[PDB]
Amino acid sequence: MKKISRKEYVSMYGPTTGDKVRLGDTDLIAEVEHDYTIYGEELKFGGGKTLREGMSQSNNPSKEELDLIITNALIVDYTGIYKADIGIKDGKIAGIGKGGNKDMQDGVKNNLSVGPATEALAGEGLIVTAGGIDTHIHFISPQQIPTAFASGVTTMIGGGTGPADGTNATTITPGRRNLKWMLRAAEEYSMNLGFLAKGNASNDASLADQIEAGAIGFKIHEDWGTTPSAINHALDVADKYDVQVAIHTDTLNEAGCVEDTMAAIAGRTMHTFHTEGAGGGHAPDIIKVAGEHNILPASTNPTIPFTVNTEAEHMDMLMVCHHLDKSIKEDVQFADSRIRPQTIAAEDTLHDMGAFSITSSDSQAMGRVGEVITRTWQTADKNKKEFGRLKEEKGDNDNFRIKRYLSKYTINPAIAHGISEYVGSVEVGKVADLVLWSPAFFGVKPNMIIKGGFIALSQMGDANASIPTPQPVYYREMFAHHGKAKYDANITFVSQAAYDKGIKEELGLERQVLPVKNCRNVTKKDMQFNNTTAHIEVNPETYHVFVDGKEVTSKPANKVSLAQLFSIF
Amino acid sequence: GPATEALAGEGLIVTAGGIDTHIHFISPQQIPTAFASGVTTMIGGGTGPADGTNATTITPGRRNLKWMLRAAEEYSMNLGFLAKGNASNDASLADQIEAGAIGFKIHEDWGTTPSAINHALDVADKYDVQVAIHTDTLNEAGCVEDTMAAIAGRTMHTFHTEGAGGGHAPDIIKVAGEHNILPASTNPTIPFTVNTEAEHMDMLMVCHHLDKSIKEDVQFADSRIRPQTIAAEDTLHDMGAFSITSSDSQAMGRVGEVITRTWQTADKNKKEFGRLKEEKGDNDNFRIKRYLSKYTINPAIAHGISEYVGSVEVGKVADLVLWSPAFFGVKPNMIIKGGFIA
Amino acid sequence: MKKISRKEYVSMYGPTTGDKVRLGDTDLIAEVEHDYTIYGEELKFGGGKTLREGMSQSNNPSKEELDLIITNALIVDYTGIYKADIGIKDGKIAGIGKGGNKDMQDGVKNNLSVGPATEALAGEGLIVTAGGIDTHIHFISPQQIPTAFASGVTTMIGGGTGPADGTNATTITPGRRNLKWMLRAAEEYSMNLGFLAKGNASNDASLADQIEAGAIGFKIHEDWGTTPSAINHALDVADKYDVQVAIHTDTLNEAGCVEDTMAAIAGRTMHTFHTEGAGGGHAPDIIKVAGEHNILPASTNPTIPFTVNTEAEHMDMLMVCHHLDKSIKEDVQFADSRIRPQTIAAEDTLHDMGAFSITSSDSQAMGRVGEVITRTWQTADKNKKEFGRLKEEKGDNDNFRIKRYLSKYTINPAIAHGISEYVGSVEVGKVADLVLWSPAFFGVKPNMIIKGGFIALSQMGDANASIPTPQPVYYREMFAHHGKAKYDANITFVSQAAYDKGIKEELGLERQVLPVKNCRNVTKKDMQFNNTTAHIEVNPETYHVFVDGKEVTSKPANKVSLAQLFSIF
Amino acid sequence: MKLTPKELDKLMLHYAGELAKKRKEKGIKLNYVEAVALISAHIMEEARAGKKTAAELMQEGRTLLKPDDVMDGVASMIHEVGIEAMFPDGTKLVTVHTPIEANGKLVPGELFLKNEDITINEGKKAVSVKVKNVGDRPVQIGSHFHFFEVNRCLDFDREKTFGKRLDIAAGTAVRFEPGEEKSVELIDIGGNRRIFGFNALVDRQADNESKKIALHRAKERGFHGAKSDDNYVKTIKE
Amino acid sequence: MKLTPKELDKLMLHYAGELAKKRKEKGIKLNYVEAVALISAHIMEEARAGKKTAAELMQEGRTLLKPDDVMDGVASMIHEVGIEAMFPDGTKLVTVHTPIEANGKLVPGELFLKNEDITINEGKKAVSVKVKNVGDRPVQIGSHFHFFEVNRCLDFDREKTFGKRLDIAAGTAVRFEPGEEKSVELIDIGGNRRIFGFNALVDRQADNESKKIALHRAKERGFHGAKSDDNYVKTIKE
Ligand code: NI
Ligand code: NI
Ligand code: NI
Ligand code: NI
Ligand code: NI
Ligand code: NI
């Protein structure tokens, strides 16, 4: 029973229990909480390695023989930041533990058995995390998909029909016809998709068809008329059809104020976008909504993290979203009374306190579809700087905080739109949407994006070279991104109603197709870690944001992690 | 007739598409590149940039098999996949073939043991399918003596026979002299230039997970890149000792330099050895026809598909490529697939 | 946050953590290791109880709404002896934890949500355990089924075709024709069934058809000729078809001795019956086989536990099993040289040491089909008496020992015949074959036997009375025992081959039908708790049984628990 | 000019490089990419001009950027830069190792493992064995390989090694130079102890009885140290 | 150097810029593209060096090309140049407004509208109404919004506004600062006059009788100016 030194061990199998990893260049320190291996029996593939016939690979596999093994993987998920082997079978997470060959290994469950049929993927040294799920996508251009994908985003929930104004302003694919188109278009892409409908309508009839037509929910956007009527109608139908509903509060306050909007929501579940304010909504309050139970708070994107140039930026954007032509009087008045450095500031803090739960993007509409994950982390690193560790933190690490910022674009959005059963976290049973992160580039530049248990895109080099490592090394589409293969590795979400009515056959969808569920039964308390409720106020004058009594405001930054250190642009 | 299109060819050299048979399906981007070479058919194993694939050309199991076959649909380049011969489980060995695999592959990283080797071989017989092999380098189980003894005389397509590509150090290359063997040359170690040897030293690392550090690793990796075996290769290729010129795409080989090298290596040999005894008339026809069928008719036969493709003969699939003499062996004019420009 | 006294609490919700329960009248003490409730939120059904509209029962259930809840159940399973709510949905264990109404309860996973559709079953105070699985059934008469069922046995694996001699001697349903009959007959009963084939044949062809014909395995019986040839042949085919194989060693030693038999098994997986000896086999050694890795040791039944009258009993039995007519010379010689008080004794100890792993019955063939579970426990209680607690025991209780004797007729036999995936233990995902045990009558008289998530038979009283409690109170068939209902609640196991060939349709089976799997990849080490290997010997003279060196022999008992205290006969 | 997708790849890279060089020029600390490119791009031209050799560029690349040129972290990040360029003799793989250094204190994703040692193969009673390579070629045996069945050249007591593996770090191995003699450490194989494959000596359960057969076969098959056939009693299956 | 498609986008743009700069250098009037690029490309580097701020570059870009540098028309064409670059604080959107000027007479797609005025909402008898914002927050009401149902803060005579919209340019609106008091102009709603939605006050046909209900509901719902319930006689549907 010889013994080796961690020094070695780690370079061999990766950080084990008690060890700590630095997320990218941020001051966020992760610590391996647990490890499922059996020191001396760990899986290694290569020349004369372990994963070989009769050895680590059973010649008498279990009738569950894995399709693919990700050896020695450091798992950072809302369920823990531990170590272990991740197994994949039939496009799903078949098992998470030891695994190898029961014929020669002490603790290998038929769940994680390695056989002639299972491929080997090294993971030691890397950090495996579930794919992100940006849920505030404005389907303006099909080019976002790929970009977002390169981020660490496997699922995109939004509304829209291309570079059309209605779409440029709101994430809504209006009507069942336009719905058909996108669902049919979706077939093309490598990235789970779900579309939202126009909640903006006080016509129950017209409101139900879109859901029966594939929509996983509704969206109430200011540009379409976010009135209490619309708001109420949408909400009710949403209940009947067990589907989610997003909202972009009535800024101009024409119909009323948040008081009214909240009164309309009648306590029903509601996923709020750019809650903070800059993204749009009831000026100035709104952000105060993120403190209520029935609300699913979400942060936009640009106003995160808080840097010296943030405020100086937004002034424009409004124009290129609400058709706020840079000239008109009425326009050039509110657009200015919305980008409050106040609300913008507290945000970060609110995100730290668990006041906010999701981190959208708003792709091409006041948000970077490729900067969700990155920012979520910066914003974390930042907060740590200014506030230090957290009270809930245990041990010399930031695990708890990590697991908070992480589930902000993984498990929390998945729940927000009833798809937490299939995706959103590295847990056995769910769809194998995983991404391997090389510690140094965590939160910004992922190694590979495996979709539905099979590589869809990864960092690839000189296709002509003698090895995959040599430059140019950018992201290149992978097999599960082509042919019929794509069809097998992706899921286009829709509603039960549609699912049952056979929307799949109806529209000849070849893509996998599942229905969204459990969307009306959830509340703020259903948000992992970020489940904090707390009556907040906002001074109409100073605009200062108060919570429970105390005042919350982060300090603007002059530099951020995960930036210029990694991209030539 | 009114229905036949016209394609000028006068002045050009028409040749069948090449058939690289040692493809490591690491990234779908190789396909297009290889295609631009003069390669219409790619036979290999793999499932994308995964380690198992980066080391060996094997698409393990029937599931992964499904994926690739389904993916293949996407591409413009005949495809065939190999299975994990590395298994002493007859059952598990037969399913992959019943699952679309055109054969097996025995790779060192998976455990090229006489057992596996034997098992794979037998099933391969029953199912009339080809089998490739990457000899047991570390010699742990035994030496080529043993491996050859395992092959029991059965047909076997050997990769990087020479040695640098991998295998029973140092002998192996000696295997290319036996009847039952289908000798094949890797790629980088061809042709033989001043920088060849200086190159390989690395590669091993990025293939067998030979992390640049460990002791046991930093010992054999050095006792494998013999400037000796590397040298004779070219000559062996001239003598007809070797028969196929693979690539090993992204795994110690340039998926876009098979055809080119095959020719360089020829030009070279002529330089140093001059014409050939079998040559007739003031030309190198015979030698040409030798180096040519190294990536056309010989690999096609190696994997039982010589009936459809592999040479410009009536009846076969119209996989052709027009070569403008000046750029022969490197830059083709056009690649017509299945009788129509692709 | 008021506080109550355990005194109360328990009578209200049942033994909670730290509390200990006495199994029946035995000196076996169980201790609640863990509890998933939330003191103050526990589920209770009744008059003004908790399980009521909008309260503990959600008016907004999850789209997983449970079919049935077994509230406050003390779970005694090889996976732990803890406390929690057990949920059932679609004839399966949907969840094991808190559960109730997320609208009013802190920790209820949609896994265990209670809704208008979920029935309520009280369990507080009772001990819930998975159904037993007798695997040495001689299908002599259909009347055993019901009896065994009343025991706490939900699954019966054996061979046979009714009161015919071949069956009276061996558990084998010979040929595919006879196979048809039984499978077709099985339809009638309320008790998962699986049949074994005649391993006794050196005709590969004839050996494979029976499996393709529904058999979940083979059986090599002495009366049919347990020769190394047969033994080898059977074994190999068994490998090819991934099915289990049982054996009844060559007593007369005509072909050879265990040396030979073991040599034949060639290390392959083999489930041995009445390993001890009295049940039958290589005299005298055999029992020594229970010490080898590749062997699946099993104990008969009568020779357990060891009482003053055991030996005095067996002398006969042999006659009524091997057609050993009480008269012939050759017969009246070995029948006497087989009932060794020696091997009989060590057994109990071997069972304690983990030397033995399964406790069969041999229904109507030297074994009581209704006394498997009972004896398994007595034998435990006994051993504790004479040897006291166990070294592996932790805390002031016999949990470990419990979990050992328990998995002897649950998880270990299930694995023995590749059906551990569906049944054999109270774990989420498996078939809901459960039985509620009223502590006082544990190990002998169960309250109710729920099959496939629905009551099949339970203690019922005067059907005319004003309540179900009043005498006569015996076991009465329950709804899931009748109509088409039975079909939905039972599983007749068969092989893949057959399963794939469509044996179900073939034979018009209306019963649920699953295939057995992972039978050749298992070994002695695959036996829960009872996974101990150890070279054992047996003196040809004294007949004394030795293990690792030391000698093992239990002392005969003059009285046993779980007996005359409970049955009028 | 029939441009191969490979060539475009480069033409792109090249300028990725030009930007890079053009940036530091204007006095700016280069980042991960910028460094990588630059380094790479260089070699490509150098290979073009056909002067320097592979061996050389592989080294000379380490002289392209000083620790004060790049940003803090960059150094640690670029463990190495691989780049293939076309030399007059053909395309070659110039692998530039650690081109820059820790002139900074920052190191992205750095590891803070907690000192101490891990014990491999807990409680697994080891055993030493003499092992000499009586063959002309070298032999590397692995972690989880049934030692007993190793190459028929490693002379040693197969009998004592039945059902065991080199007690070492899971994955690694042991090397034997023709002639070399050593005493390896080898613990028993865990799990179910089901040996199948390798050299076809066992293909069963690691049994003291299965052993007889292995020892017998190895004798007939010629593995050094495989005792002898002292009137072997054959079984009904083997 | 994991190159994101976003990065390539830029590396491309950059050189689109280099060509641009390289052209005028050789003395050539830059065109639409060339200008655009150049301008953009600049900011990108400037953001790289990490010196100038967003606010600044946004302005400094207006000093990159003189009206004599570009071609005739270019000036008018580039209304503005938007470009996001990565600042040490993160990516930011530098929007450079009107970087050049009309030093020429040519203007592509110029408009020759014929002087005169268009009359909005022909013959639509307007009406003035006092409107004061008695709330702490501002309120912008729109063109075709049923005024009567505006925020429950704008105190005024709802009764007089039933079924009417701010007589203004289709699309635009009116703003009310907390406290501000004005007299809006509002004509009747045309079409079929079917009010449905907004605040749920009407949801029917604009009738003098439907009105009764709206006025009643607004009273109970709290909208300022919603008269009072002088013994309201309920109807069978409302
Ligand atoms: Ni928005
Ligand atoms: Ni938006
Ligand atoms: Ni190879
Ligand atoms: Ni290869
Ligand atoms: Ni029996
Ligand atoms: Ni029996």
# chains A, B, ... in the order shown; residues from 1 in each chain; ligands from 1
call {"tool": "residues_near_ligand", "arguments": {"ligand": "ligand 3", "cutoff": "10 Å", "atoms": "only C-alpha atoms and all ligand atoms", "output": "PyMOL selection string"}}
result
chain B and resi 22-24+54-57+105-109+132-135+158-161+163-167+186+204+207-208+247-249+251-253
call {"tool": "interface_residues", "arguments": {"of": "chain D", "to": "chain C", "cutoff": "9 Å", "atoms": "only C-alpha atoms", "output": "ChimeraX atom specification"}}
result
/D:191-194,204-207,209-210,235-238
call {"tool": "write_last_selection", "arguments": {"atoms": "C-alpha atoms", "output": "mmCIF file, in the first residue's frame"}}
result
data_model
loop_
_atom_site.group_PDB
_atom_site.id
_atom_site.type_symbol
_atom_site.label_atom_id
_atom_site.label_comp_id
_atom_site.auth_asym_id
_atom_site.auth_seq_id
_atom_site.Cartn_x
_atom_site.Cartn_y
_atom_site.Cartn_z
ATOM 1 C CA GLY D 191 -12.659 -6.049 -7.297
ATOM 2 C CA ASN D 192 -14.128 -9.479 -8.037
ATOM 3 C CA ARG D 193 -10.699 -10.660 -9.057
ATOM 4 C CA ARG D 194 -11.859 -11.780 -12.473
ATOM 5 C CA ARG D 204 -11.471 -16.872 -14.994
ATOM 6 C CA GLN D 205 -11.677 -16.123 -11.316
ATOM 7 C CA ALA D 206 -8.404 -15.672 -9.480
ATOM 8 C CA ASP D 207 -8.528 -19.012 -7.662
ATOM 9 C CA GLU D 209 -7.126 -23.752 -8.282
ATOM 10 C CA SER D 210 -7.455 -21.642 -11.389
ATOM 11 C CA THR D 235 -9.303 -30.881 -15.516
ATOM 12 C CA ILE D 236 -12.547 -31.058 -17.468
ATOM 13 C CA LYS D 237 -12.336 -27.432 -18.546
ATOM 14 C CA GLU D 238 -9.254 -25.502 -19.553
#
call {"tool": "residues_near_ligand", "arguments": {"ligand": "ligand 5", "cutoff": "12 Å", "atoms": "only C-alpha atoms and all ligand atoms", "output": "compact mmCIF listing (two decimals) with C-alpha atoms, in the first residue's frame"}}
result
# COMPACT_ATOMS: atom_id res chain seq x y z
CA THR C 135 -35.30 -18.32 -4.75
CA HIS C 136 -35.39 -22.02 -4.06
CA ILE C 137 -39.02 -22.72 -4.83
CA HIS C 138 -40.17 -26.16 -5.90
CA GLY C 158 -37.85 -21.70 -8.82
CA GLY C 159 -38.50 -24.49 -11.28
CA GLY C 166 -39.32 -34.45 -11.15
CA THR C 167 -40.59 -31.31 -9.45
CA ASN C 168 -40.83 -32.84 -5.96
CA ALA C 169 -37.14 -33.56 -6.17
CA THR C 170 -35.80 -30.59 -8.11
CA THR C 171 -36.76 -26.97 -8.85
CA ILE C 172 -36.85 -27.36 -12.57
CA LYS C 219 -30.72 -25.81 -12.36
CA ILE C 220 -28.42 -28.75 -11.94
CA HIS C 221 -30.05 -31.35 -9.74
CA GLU C 222 -28.61 -34.56 -8.37
CA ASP C 223 -31.73 -36.52 -9.22
CA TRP C 224 -31.21 -35.56 -12.85
CA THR C 226 -25.25 -33.41 -11.76
CA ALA C 246 -28.25 -23.02 -9.45
CA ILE C 247 -26.76 -26.33 -8.32
CA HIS C 248 -27.41 -29.33 -6.10
CA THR C 249 -24.03 -31.00 -5.78
CA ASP C 250 -23.33 -34.64 -6.61
CA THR C 251 -23.93 -36.39 -3.29
CA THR C 272 -25.38 -23.15 -4.62
CA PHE C 273 -28.34 -24.55 -2.76
CA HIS C 274 -28.43 -26.12 0.71
CA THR C 275 -24.70 -25.58 0.59
CA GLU C 276 -24.62 -26.71 4.19
CA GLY C 277 -25.29 -30.32 3.19
CA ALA C 278 -28.56 -31.65 4.67
CA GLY C 279 -30.42 -30.03 1.82
CA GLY C 280 -28.20 -32.23 -0.34
CA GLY C 281 -24.78 -32.48 -1.96
CA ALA C 298 -27.37 -20.36 0.02
CA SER C 299 -28.88 -22.12 2.99
CA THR C 300 -31.81 -24.48 2.73
CA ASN C 301 -34.39 -23.91 5.50
CA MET C 317 -37.44 -36.04 4.34
CA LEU C 318 -34.73 -37.56 2.14
CA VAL C 320 -39.87 -37.89 0.14
CA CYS C 321 -37.52 -36.04 -2.21
CA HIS C 322 -35.07 -38.40 -3.88
CA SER C 360 -33.94 -20.25 0.47
CA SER C 361 -36.87 -22.45 1.38
CA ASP C 362 -37.15 -25.43 -0.96
CA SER C 363 -40.90 -25.26 -0.65
CA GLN C 364 -42.40 -28.73 -0.06
CA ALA C 365 -38.98 -30.33 -0.58
CA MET C 366 -37.17 -30.08 2.72
CA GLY C 367 -38.16 -26.55 3.51
call {"tool": "atom_distance", "arguments": {"atom1": "atom CA of residue A:479", "atom2": "atom CA of residue A:453"}}
result
11.8 Å
call {"tool": "interface_residues", "arguments": {"of": "chain A", "to": "chain C", "cutoff": "10 Å", "atoms": "only C-alpha atoms", "output": "VMD selection string"}}
result
chain A and resid 58 to 64 102 to 103 106 110 242 517 to 523 525 to 526
call {"tool": "residues_around", "arguments": {"residues": "residue E:161", "least_positions_apart": "5", "cutoff": "10 Å", "atoms": "only C-alpha atoms", "output": "ChimeraX atom specification"}}
result
/E:127-129,146-149,156,166,185-188
call {"tool": "write_last_selection", "arguments": {"atoms": "N, CA, C and O atoms", "output": "compact mmCIF listing (two decimals), in the first residue's frame"}}
result
# COMPACT_ATOMS: atom_id res chain seq x y z
N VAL E 127 -60.01 68.56 -27.43
CA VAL E 127 -60.47 69.05 -26.14
C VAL E 127 -59.35 69.12 -25.15
O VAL E 127 -58.53 68.20 -25.06
N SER E 128 -59.30 70.22 -24.41
CA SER E 128 -58.26 70.39 -23.42
C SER E 128 -58.68 69.90 -22.07
O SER E 128 -59.86 69.95 -21.71
N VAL E 129 -57.71 69.41 -21.31
CA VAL E 129 -57.99 68.93 -19.98
C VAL E 129 -56.87 69.14 -19.01
O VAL E 129 -55.71 68.87 -19.32
N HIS E 146 -55.99 54.76 -24.42
CA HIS E 146 -57.21 55.26 -23.82
C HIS E 146 -56.85 56.12 -22.61
O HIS E 146 -56.57 55.58 -21.54
N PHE E 147 -56.85 57.44 -22.79
CA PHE E 147 -56.47 58.38 -21.74
C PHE E 147 -57.19 58.17 -20.44
O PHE E 147 -56.59 58.20 -19.36
N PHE E 148 -58.50 57.95 -20.55
CA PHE E 148 -59.33 57.73 -19.39
C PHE E 148 -58.75 56.74 -18.42
O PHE E 148 -58.92 56.88 -17.21
N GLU E 149 -58.06 55.74 -18.94
CA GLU E 149 -57.47 54.70 -18.10
C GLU E 149 -56.04 54.92 -17.73
O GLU E 149 -55.38 54.00 -17.27
N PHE E 156 -57.43 64.31 -13.01
CA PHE E 156 -58.13 65.07 -14.03
C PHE E 156 -59.51 64.52 -14.19
O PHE E 156 -59.88 63.56 -13.52
N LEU E 166 -54.67 61.30 -26.69
CA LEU E 166 -53.88 62.52 -26.86
C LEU E 166 -53.68 62.90 -28.29
O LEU E 166 -52.87 62.30 -28.99
N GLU E 185 -54.33 67.65 -24.93
CA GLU E 185 -55.26 67.70 -26.05
C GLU E 185 -55.68 66.31 -26.41
O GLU E 185 -54.83 65.47 -26.71
N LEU E 186 -56.98 66.02 -26.39
CA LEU E 186 -57.37 64.66 -26.71
C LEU E 186 -58.66 64.46 -27.48
O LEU E 186 -59.75 64.79 -27.01
N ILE E 187 -58.50 63.91 -28.68
CA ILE E 187 -59.61 63.62 -29.59
C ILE E 187 -60.21 62.26 -29.32
O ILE E 187 -59.62 61.45 -28.60
N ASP E 188 -61.39 62.00 -29.88
CA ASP E 188 -62.04 60.71 -29.67
C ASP E 188 -61.36 59.62 -30.41
O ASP E 188 -60.75 59.86 -31.45
call {"tool": "atom_distance", "arguments": {"atom1": "atom CA of residue C:45", "atom2": "atom CA of residue C:440"}}
result
22.8 Å
call {"tool": "interface_residues", "arguments": {"of": "chain D", "to": "chain E", "cutoff": "7 Å", "atoms": "only C-alpha atoms", "output": "PDB file with N, CA and C atoms, in the first residue's frame"}}
result
ATOM      1  N   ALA D  16      -2.952  37.530 -37.032  1.00  0.00           N
ATOM      2  CA  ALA D  16      -3.279  37.533 -35.622  1.00  0.00           C
ATOM      3  C   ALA D  16      -2.005  37.917 -34.938  1.00  0.00           C
ATOM      4  N   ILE D  28       2.509  47.910 -25.215  1.00  0.00           N
ATOM      5  CA  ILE D  28       1.457  47.302 -24.407  1.00  0.00           C
ATOM      6  C   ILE D  28       1.720  45.855 -24.046  1.00  0.00           C
ATOM      7  N   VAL D  33      -3.433  35.219 -25.800  1.00  0.00           N
ATOM      8  CA  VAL D  33      -3.508  35.137 -27.259  1.00  0.00           C
ATOM      9  C   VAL D  33      -2.334  35.797 -27.932  1.00  0.00           C
ATOM     10  N   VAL D  36       0.867  33.961 -27.686  1.00  0.00           N
ATOM     11  CA  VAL D  36       0.737  32.738 -28.458  1.00  0.00           C
ATOM     12  C   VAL D  36       0.890  32.995 -29.921  1.00  0.00           C
TER      13      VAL D  36
END
call {"tool": "closest_residue", "arguments": {"among": "B:184, B:314, B:65, B:322", "to": "ligand 4", "atoms": "only C-alpha atoms and all ligand atoms"}}
result
B:184
call {"tool": "closest_atom_pairs", "arguments": {"of": "chain A", "to": "ligand 4", "cutoff": "12 Å", "atoms": "only C-alpha atoms and all ligand atoms", "output": "Markdown table"}}
result
| residue | atom | partner | partner_atom_place_in_ligand_line | distance |
| --- | --- | --- | --- | --- |
| A:47 | CA | ligand 4 | 1 (Ni) | 11.7 |
| A:466 | CA | ligand 4 | 1 (Ni) | 10.4 |
| A:467 | CA | ligand 4 | 1 (Ni) | 10.8 |
call {"tool": "residues_around", "arguments": {"residues": "residue D:140", "least_positions_apart": "2", "cutoff": "10 Å", "atoms": "only C-alpha atoms", "output": "JSON, numbers by chain"}}
result
{"A": [48], "B": [137, 138, 139, 140, 141, 216, 217, 220], "D": [138, 142, 150, 151, 172, 173, 174, 175, 176, 177]}
call {"tool": "write_last_selection", "arguments": {"atoms": "N, CA, C and O atoms", "output": "short mmCIF file (atom, residue, chain, number, x, y, z; two decimals), in the first residue's frame"}}
result
data_model
loop_
_atom_site.label_atom_id
_atom_site.label_comp_id
_atom_site.auth_asym_id
_atom_site.auth_seq_id
_atom_site.Cartn_x
_atom_site.Cartn_y
_atom_site.Cartn_z
N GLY A 48 0.31 3.00 -21.78
CA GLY A 48 0.31 1.79 -20.98
C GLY A 48 -0.51 2.08 -19.74
O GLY A 48 -0.38 1.43 -18.70
N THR B 137 3.96 -1.73 -28.00
CA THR B 137 5.27 -1.11 -27.83
C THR B 137 5.98 -1.54 -26.58
O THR B 137 7.00 -2.24 -26.65
N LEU B 138 5.46 -1.15 -25.43
CA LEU B 138 6.08 -1.50 -24.16
C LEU B 138 6.51 -2.96 -24.06
O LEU B 138 7.24 -3.34 -23.15
N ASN B 139 6.06 -3.77 -25.01
CA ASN B 139 6.43 -5.18 -25.01
C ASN B 139 6.04 -5.90 -23.75
O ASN B 139 6.56 -6.97 -23.46
N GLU B 140 5.11 -5.32 -22.99
CA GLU B 140 4.69 -5.92 -21.73
C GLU B 140 4.18 -7.33 -21.83
O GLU B 140 4.60 -8.20 -21.07
N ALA B 141 3.27 -7.57 -22.77
CA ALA B 141 2.70 -8.89 -22.97
C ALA B 141 3.66 -9.82 -23.68
O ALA B 141 3.70 -11.03 -23.42
N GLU B 216 8.97 6.69 -16.37
CA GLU B 216 8.72 5.61 -17.32
C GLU B 216 8.36 6.09 -18.70
O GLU B 216 8.71 5.46 -19.69
N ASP B 217 7.65 7.21 -18.76
CA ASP B 217 7.26 7.80 -20.03
C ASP B 217 8.46 8.33 -20.79
O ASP B 217 8.68 7.99 -21.95
N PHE B 220 10.88 5.38 -23.10
CA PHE B 220 10.54 4.61 -24.29
C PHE B 220 10.24 5.54 -25.45
O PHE B 220 10.59 5.26 -26.60
N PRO D 138 13.52 -4.19 -24.36
CA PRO D 138 12.98 -3.62 -23.11
C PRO D 138 11.52 -3.94 -22.87
O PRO D 138 10.78 -4.24 -23.82
N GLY D 142 2.48 -2.44 -16.80
CA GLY D 142 1.63 -1.45 -16.16
C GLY D 142 0.98 -1.68 -14.80
O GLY D 142 1.00 -2.77 -14.24
N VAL D 150 2.95 -11.30 -17.56
CA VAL D 150 3.83 -10.40 -18.31
C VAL D 150 4.70 -11.12 -19.31
O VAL D 150 4.90 -12.34 -19.22
N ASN D 151 5.21 -10.37 -20.29
CA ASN D 151 6.07 -10.90 -21.34
C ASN D 151 6.81 -12.16 -20.91
O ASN D 151 7.30 -12.25 -19.79
N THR D 172 0.69 4.52 -14.09
CA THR D 172 2.12 4.38 -14.37
C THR D 172 2.58 2.95 -14.60
O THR D 172 1.77 2.02 -14.65
N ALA D 173 3.89 2.78 -14.73
CA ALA D 173 4.45 1.45 -14.97
C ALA D 173 5.90 1.28 -14.55
O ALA D 173 6.51 2.19 -13.98
N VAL D 174 6.44 0.10 -14.85
CA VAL D 174 7.82 -0.26 -14.53
C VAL D 174 8.58 -0.70 -15.77
O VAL D 174 8.08 -1.49 -16.56
N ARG D 175 9.79 -0.19 -15.93
CA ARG D 175 10.60 -0.53 -17.10
C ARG D 175 11.73 -1.48 -16.81
O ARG D 175 12.35 -1.43 -15.75
N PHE D 176 11.99 -2.37 -17.77
CA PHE D 176 13.06 -3.36 -17.67
C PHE D 176 13.95 -3.36 -18.88
O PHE D 176 13.53 -3.77 -19.97
N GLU D 177 15.17 -2.88 -18.72
CA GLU D 177 16.09 -2.86 -19.84
C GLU D 177 16.61 -4.24 -20.08
O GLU D 177 16.84 -4.99 -19.13
#
